[PDB]
Structures are given as structure tokens and as C-alpha cells.
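Listed below are the residues making up each chain.
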Amino acid sequence: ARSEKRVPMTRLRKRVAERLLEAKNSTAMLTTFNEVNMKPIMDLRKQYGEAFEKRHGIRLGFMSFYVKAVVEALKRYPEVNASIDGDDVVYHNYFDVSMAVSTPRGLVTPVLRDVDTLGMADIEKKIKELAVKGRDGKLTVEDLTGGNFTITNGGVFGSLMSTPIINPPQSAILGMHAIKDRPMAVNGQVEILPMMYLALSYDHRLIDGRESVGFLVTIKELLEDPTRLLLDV
Amino acid sequence: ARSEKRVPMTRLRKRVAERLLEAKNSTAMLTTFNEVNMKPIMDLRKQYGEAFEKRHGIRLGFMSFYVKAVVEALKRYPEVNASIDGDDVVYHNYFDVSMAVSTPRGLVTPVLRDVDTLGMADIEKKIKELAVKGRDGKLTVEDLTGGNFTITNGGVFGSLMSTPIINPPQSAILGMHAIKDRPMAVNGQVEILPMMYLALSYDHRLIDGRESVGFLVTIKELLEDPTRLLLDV
Amino acid sequence: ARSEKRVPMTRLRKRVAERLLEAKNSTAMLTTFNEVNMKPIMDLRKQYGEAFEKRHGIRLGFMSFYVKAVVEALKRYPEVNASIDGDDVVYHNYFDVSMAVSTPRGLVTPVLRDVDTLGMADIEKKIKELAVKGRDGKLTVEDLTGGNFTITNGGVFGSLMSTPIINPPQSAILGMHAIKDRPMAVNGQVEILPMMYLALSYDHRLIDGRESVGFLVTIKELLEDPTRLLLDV
Amino acid sequence: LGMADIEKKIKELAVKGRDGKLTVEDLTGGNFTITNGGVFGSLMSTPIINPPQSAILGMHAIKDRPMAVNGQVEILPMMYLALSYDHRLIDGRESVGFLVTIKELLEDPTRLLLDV
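Conventions adopted
- Residues numbered from 1 in each chain as written, not as in the entry; some residues may be left out.
- Chains lettered and ligands numbered in written order.
- Part of a larger assembly, values for the part shown.
- Heavy atoms only, no water.
- Least-squares fit on C-alpha atoms.
- Pairing = 2+ DSSP bridges.
- Helix = DSSP H or I, 4+ residues; strand = E, 2+ residues; numbered from the N terminus.
- Axes fitted to C-alpha atoms, helices over the stretch in contact; angles between N-to-C directions.
- Contact = heavy atoms within 4.5 Å.
- Buried area = accessible area lost by both parts, 1.4 Å probe.
- Salt bridge = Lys/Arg side-chain N within 4 Å of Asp/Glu carboxyl O.
- Polar contact = N/O pair within 3.5 Å; in protein donor to acceptor, adjacent residues only side chain to side chain.
- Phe/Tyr/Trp six-rings, centres within 6.5 Å; stacked < 30°, edge-to-face > 60°.
- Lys NZ or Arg CZ within 6 Å of the ring centre and 35° of its normal.
- Buried < 20%, exposed > 50% of the residue type's maximum accessible area, 1.4 Å probe, protein only.
- Nonpolar A, V, L, I, M, F, W, Y, C, P; charged D, E, K, R; others polar.
- Parallel < 35°, antiparallel > 145°, perpendicular 65-115°, else oblique.
- Left-handed = near helix turned anticlockwise from the far one by under 90°.
- Expected span 1.5 Å × (residues − 1).
- Arc of directions from axis to C-beta.

Remarks on the relation of the copies chain C and chain A
- Between chain C and chain A, which share one sequence, the superposing operator has a rotation angle of 120° and an axial displacement of 0.0 Å; the RMSD is 0.0 Å. Within this description, the copies of the chain are treated as partners about a three-fold rotation axis.

Observations concerning the sheet that holds strand β4 (residues 88–92) of chain A
- Strand order in the open sheet formed by 3 strands is β3(A)-β4(A)-β1(C), and the pairing between neighbours is antiparallel. The open sheet is flanked by β3 (83–85) of chain A together with β1 (4–8) of chain C, the only strands paired with a single partner. The average undirected angle you get between the axes of adjacent strands in this sheet is 30°.
- Alignment of β4(A) against β1(C), held across 5 bridges, turns out to be antiparallel. When the sheet's bridge partners are listed, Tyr91(A) is paired in β1(C) with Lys5(C).

Observations regarding the interface of chain A and chain B
- The partner chain B presents 37 residues to the 30 residues of chain A that form the contact.
- Taken over both partners, the interface formed by chain A and chain B buries close to 2900 Å², and the fraction arising from carbon and sulfur atoms is 59%.
- The tally of links between chain A and chain B comes to 4 salt bridges.
- Across the salt bridge formed by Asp85(B) and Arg6(A), the nearest N and O atoms sit 2.7 Å from each other.
- Our count for the contact surface shared by chain A and chain B stands at 14 residue pairs in polar contact.
- Sheet analysis places strand β10 (residues 161–162) of chain A next to strand β2 (residues 29–37) of chain B, joined by 2 bridges and oriented antiparallel. Each bridged residue has a counterpart across the sheet, and for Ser162(A) the counterpart in β2(B) is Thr32(B).

Remarks on the packing of aromatic side chains
- Tallying each qualifying case throughout the model produces 10 aromatic pairs over all chains.
- Ring centres 5.3 Å apart and planes at 45° place the aromatic pair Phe149(B) and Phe215(B) in the tilted group. Within this pair, whereas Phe149(B) is found in strand β9 (residues 149–153), its partner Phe215(B) is found in helix α6 (residues 209–224), the two being separated by 66 residues in sequence.
- An angle of 65° between the planes, with centres 6.3 Å apart, marks the rings of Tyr77(C) and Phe215(C) as edge-to-face. Taken together, the positions of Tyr77(C) in the loop between α3 (63–76) and β3 (83–85) and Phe215(C) in helix α6 (residues 209–224) put the pair 138 residues apart, joining distant regions of the chain.
- In textbook terms, an aromatic cluster arises when at least three aromatic residues are bridged by ring pairs, as seen for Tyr77(A), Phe149(A) and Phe215(A).
- In this structure, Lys75(B) is placed above the aromatic ring of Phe95(B), and the distance from its NZ or CZ to the ring centre is 5.8 Å.

Focus on the pairing of strand β12 (residues 189–203) of chain B
All names here are of chain B.
- Summarising burial for β12: 11 of the 15 residues are buried, a large majority.
- Taken together, the 9 bridges between β2 and β12 define a ladder with antiparallel strand orientation. Pairing of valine 36 across the sheet is with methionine 196, part of β12.
- Of the strand pairs in this sheet, strand β11 (residues 172–186) and β12 are connected by 13 bridges, and their pairing is antiparallel. Residue pairing in the sheet places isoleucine 179 in a bridge with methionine 196 of β12.
- Joining the antiparallel neighbours β11 and β12 is a turn of 2 residues, in which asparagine 187 adopts a positive phi near 50°.

Points about the interface of chain C and chain A
- Across the boundary between the two partners, chain C contributes 30 residues, which contact 37 residues of chain A.
- Surface buried jointly by chain C and chain A totals about 2900 Å² across both partners, of which 59% is contributed by carbon and sulfur atoms.
- Ranking the residues of chain C by area buried against chain A places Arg6(C), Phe157(C) and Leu160(C) at the top, with a combined share of 18%.
- On the surface where chain C and chain A come into contact, there are 14 residue pairs in polar contact.
- Breaking the side of chain C that touches chain A down by element, the ones donating at least two residues are β1, α1 (11–24), β10 (161–162), β11 (172–186) and β12 (189–203) of chain C.
- For the side of chain C that touches chain A, the element with the highest residue contribution is α1(C), accounting for 6 residues.
- For the side of chain C that touches chain A, a count of residues per class yields 14 nonpolar, 6 polar and 10 charged.

Description of the packing of α3(C) against helix α4 (residues 120–133) of chain C
Residue and element names in this part refer to chain C.
- One can describe the packing of α3 onto α4 by two numbers: an axis separation of 9 Å at closest approach and a directional angle of 110°. If you check the angle between α3 and α4, you find them roughly perpendicular. Along this stretch, α3 crosses α4, giving a crossing that reads as right-handed. Across the interface between the two elements, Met63, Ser64, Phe65, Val67 and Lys68 of α3 pack against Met120, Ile123, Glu124 and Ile127 of α4.
- Taken together, the residues of the contact of α3 with α4 break down into 6 nonpolar, 1 polar and 2 charged.

Topic: α1(C)
- A rise of 1.5 Å per residue sets the reference length of α1(C), with its 14 residues, at 20 Å; its end C-alpha atoms lie 20 Å apart and thus fit the reference within 8%.
- Three or more residues of α1(C) are buried, namely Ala17(C), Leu20(C), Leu21(C) and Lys24(C). Angular distribution of buried residues about the axis of α1(C) spans 100°; they occupy a single face of the element. Facing away from the buried side of α1(C) by over 90 degrees, the exposed positions are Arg11(C), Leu12(C), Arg19(C) and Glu22(C).
- Summarising the contacts, the buried residues of α1(C) are in contact with α1 (11–24) of chain A together with α1 (11–24) of chain B.

Structure (C-alpha cells):
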């Protein structure tokens, strides 16, 4: 009936909205974009999916490819794997990557620890585990604290492209989006490819234009041809 | 002659520039994007334009379609139709939408009240009325205050895509852009379609990634096929 | 060995990171985008490159075209050529344009002074000079102070599109990106063109949506057909 | 009622009238009637007015039939419509206009949104 409904914010949500605002005003976030042809990865899933699941007992998804690419990019650009703490820059000699998971009570980012030591099947398993816990609200504070970088996937909701927000106190975040067929120029000919836009938001106080672009280009190259991870080129 | 001209800012403009800065630093604005095929709407205007004007005494434009789509999206995502006031979230049980109109003295946003009760012809009429007033500076403070959301159209100036700024104290804004022919993938074939990019800037303190994307996807679906408004799918 | 390496920030870098943050929170930066077909300029370089170098003793690059376009846009939109100083708006009756150059010790922006008086060959020479100095760290404080606008080129690193950050105390910045073949709609037919996205970040306190879009559209028009600079249309 | 709500009410009444649980309240009233003989394969017919209403719309079977479309012949799923009306109250012009309106809104439901 009444034309307006006023609902008080809980004390928790009070200092949650009053934190991203503090952190968002404490960093110089910028966003850089690129695109990636997902055909190669989609073909690998179709060609080896059955045999992969039979051998590992887990389905080969897209996330393990993203994680592997992010780890390698994190190794090539240590500045992005770092954080700013007071008057110090803290470089991390390990690789923890936060992964956004939608829970009935919002969005949370459980941490995948030492992802650089995990094989692809193991990454898919950990992701499924954390996803299940965050689905049944059994995620612990231990599971949620930490991470040197974050990967969020809005493509599940049909997002074309967007500006992801940095996850405090990390220095950058990778936003994945929907994969959509789009006409592309390939060797002088136009052919339709399953394209996905990538967005990397980064704290310009620590990461410059050159490194943010190079970091995203590295992810693009490793996704368009996973074999590059083996050759290291 | 002099290499520099210093012009003092009026006292009004003083606290106008000193407000968007205050509000812009008080919110966590982010922007998400999508695209829409305007062919269906352009065909409806060509097919029914003449008969529409004869029956209603007003031309069928693009804006009434946008408003109808925004209202439905506002109904499906009440969080976007809300505002943050102090420690409270104010949900609005009505639909007022601010509409950006270029005036000889800048840009203003007159409000379309209870747009959800207006038929398309009635929406086009109100828009033309407010546009005329804002064109002859006869817009009153009453006409300018309020609104739960804003729609701004930069396409008039040839804009491809941009980041619109939130209109205080609203929580989100939809930026429309130029309609340009672009090769698209349609059922395995490449065909040229009149495409327009959409930008939705939103206050992340209140609207999360999932809702901002879902809200924009809803607008996209209702514009690519207005009939969906009738079926409610 | 240790899983973390803490490195103190120098006092200089202390108030460098503690400045872009101050300035970034003191302005209302927004970003607008567009795209440009570089085929015409690429054809001019191929057709006249040899004769240009023989007559001027310098190679005809892309930058002189960008500078010429930016100057003309700066003339058509004086608001963008201005700055905000306290309660005053300072309009500049000259044209100094900062140019981002990557140096072994970071990124710096030497200033091209009175670029509106320089011919294209002269612009290419000045750019090469400043680039060399900034390459051997022989850039003076005089060379680095000033500028009414900035042009930064991330395309060198393969950037598709991004949000450039405003260079204090200027009011806007133009970000150039990589040139990539992309299928486009040309006279009802699809043809592959060398496309580049453009990004213009601007201080909304001084520049409105209409002027930011018009400014970028002007650059686009002058780059897609440099002859327009002669006709002034 | 929204479209989903209309389909639900129709299914409800259909079930009741199928199990004879339709009440006199459910059966009295109505300003107009819609009857569908197409379920039985009817091509076209003259429906009879439901007292004390003034008109009734008869729907029939949908059958593929060659039609003229932009100078070309193409097969379309066509259905004949019949509107019986009490001429004491409704004249030729209004009966025809009423049926033409139904035809236009069915051939392009979007017209309901534009109101044209």
C-alpha cells in the first residue's frame, strides 16, 4: 500500500557497504579489456571430456584453464601478485586465487590455495568442493580469507563486458564474461568464433598501464592456445 | 591575446561541481555493458508509425520502448528501484524515471512520473512536453526533483559506448548509445544488424554483479522482442 | 624461501601513489569510447612514406596524425583544453599536449609545446627527440611540466580497449589502442577493416557528456579522413 | 489477468467442467462468449449467441492454406473466425470492425502493446 518501504541495514551489512567504499576510495582502480577466442578450449573439452572424466572422476570445465592461465600470468607479473600494505609493497611467493561463488546469501570468494601445485583435475575438484560449501553456507572464515588475486565469472548471467571491482586487499581482479559467437577476421576471411570479453581491474598505485595490459594479453594467449603453457612462450 | 583566461565559477556551479564529487565519492559506482539489436523496434516503427500517429496524434519514437523495458526491469529487480538513505534502504513502490534532456543551459533530467501507468503514446507525449519545456527553460523544480532511475541517450551525439554517471540519490542509470550497423552471427551466418551498446552504471553498495547484469539483460530481451512484455517471459 | 617479501616504498614513490589517489578523488572521471578505421591513414603512410622521409628526413608515423586531430578537437571544444584551479576555470589559449613515453624507470609524459604551429614532420621529430631522452633518462623537469591534454598509446602492448587515467591537473586524456582487423558493415557489405578503439577519460566536473562525445567523434572523423582538417568540416 | 493467469483459470474451469464440479456461480454472467470448434476439425460455422449476451466469437481449425504474401504464394496456417451478433444492437460496421480488431491483434500480438 505505502509508496515507500524503509528497511534498516543490519550492523554487519552496515560495515560491508562501509568498507568497499573505504577501500574503493583508497585505491586507484582502472580497467583494461581484451577478448579471447574460446574455440580452442571448447574443442579440447569436446575431444577429451569423456576420457578426462573417466580418468579423473571429475568433469573438465573452463575454470581450470582460467586458473592455469592466471597463475602463469601471476608468475610473469609479480607486481600483480603483490599488495600494498601501508608504506610497503608485499610480494607473495605463493599463489592463492580467490574465486567468486554465488551463494543464496550473496556472493563470496573462497580461496584456492597453492593453485600452482594443482593439476587441472585437482583444480576442478577444489572448485566444485568450495562451490558446494558456498551453496549450503558451510564456508568457513578460513576458506574466505586471503587470496592474492580474484577471478569472477559474470558470463553465467549473460554479461557481455563490465568493470569488476577489486577484492580488498588484493591489487587486481579478472572478470570473465559470456561466450558469444561473433564474426571475426581470420587470415583475411570472416569466420564466426565463440568470443569472450575479458576485464582486468587493477590498482594503478601499484600496477601501471603496461603491466596490466601485458598481464591480460598473457591470459588471452594462454587461453587461445593452452599448449603455450607447456612451451612457456 | 593573453595565453590564459581565468573565469571564476559562479556560486551555484560551485556547489554543483562540489556535489557530484561528494556523491561520486559516497557511492561505489561500477558499469556493466551489453548490446541490443534494434532491427525489431525499427521495423515496428516502419510498419506501424503512420497508423500510430494517426490514432494517437503523436509519433512513435524509440524512448517509449526504452521506458517500457526499464519499468519491467525495475519491477523484476526492486533493489535497483531503491535508494540508500543513511543506514536504510528505501524501496519505492512506484515508478518515476528521470530522463536526460539537453537544454541550451546544460543537461537536465525532468521526471516521468508513474510511467508504469502510461501507455506508449502517453509516454511519447510527456517526453515531448518535458523536452519542449527544458528547451525553453520552463522546467520547474518540481519537474526536476525525484526519480528512482535515470535513462540518458548519448546516441544523439554519435556515442559508441561510455560510462554514464549515477544521478544522486538514485542507485543506477541506463546509458543509451548510437545505433550502428555491425556484422553479427545469426544462426551460423553473418548478417548486418543495427546494433546499440547499453551501459548500466550502478552503486555496488546496493546492487551486486548478478542483479546489475540481470537487469541489463532484461532490458536487452524486451527491446529485441517487445512482445515479451505481453507474455512476461 | 620466505613466502612473502616486504619492500618499503621510497619517499618519492610514497607521494606519487599518494597523489594520483588525491587527484583521482578530487575529480569526477568518466570514460567514453569510440572506434576508428585506420585504413585511410595506413594507406597514406604506404603511398607517401618514402617521399615523406626523403623530403623531411623523418619517417611519417601515426602520432603526427593523432596530434593534428587532437589539436583541432581542442580548438572546437575549448572546455576540454581548460583546467579547474580552485574556484576558477582556466582556459588555455595555446596548445601543449603531453605524450606518454615508456622509460626504463616507468612511464613519463614529456610535453609537446605549441603543437598547433608544428607541421607533421616537425611533430614526428619532436616526438622522436623526447622519446630518445625519456629512453636515456635525460628528460628535464621543464620537459615534463605542463600540458593541457594527454595522449597515451597502449596499443604498443596489444591493448584492445581500456580506461586511461587523467594526468593532473589536466581535464582529459585520450587513450589509443591496438589496431586490429575486424569485420565491419560498409555500404551494406561486410569487409575487414583495421579498427582501433579510442578511449577518452574526462573530468565530468568540467566536461559534460555531449562535449566529451563530440570531442572524441571529432578525433574519429579527422583520423578516418585527414583531408577534413583542410576543409574544416 | 496476465496471460499465465488466464491460462491457469481456463485450465481450472476446464477441469471442473470435466468432473462436473462447476457451480451455478461459475456459469452465470459473461458479457461475451468465445467457443472453439477447431478442436473437432471445424473449418467454419455460425456460432449461436449465448443469452443474454450480444455476440459470440467462434474459433475454428488451423489449416495450412496457400496465401498471397507480397506478390508470392506461400503456405500459412490459416483459421477462419466467425462472429455472430445481435443486429438489434450491433450494426454491420461495428461487427466487422470488432472482428478485424481481433484478426489484427492475433496476427501481431505486439499491437496490443502499441495500441494500434
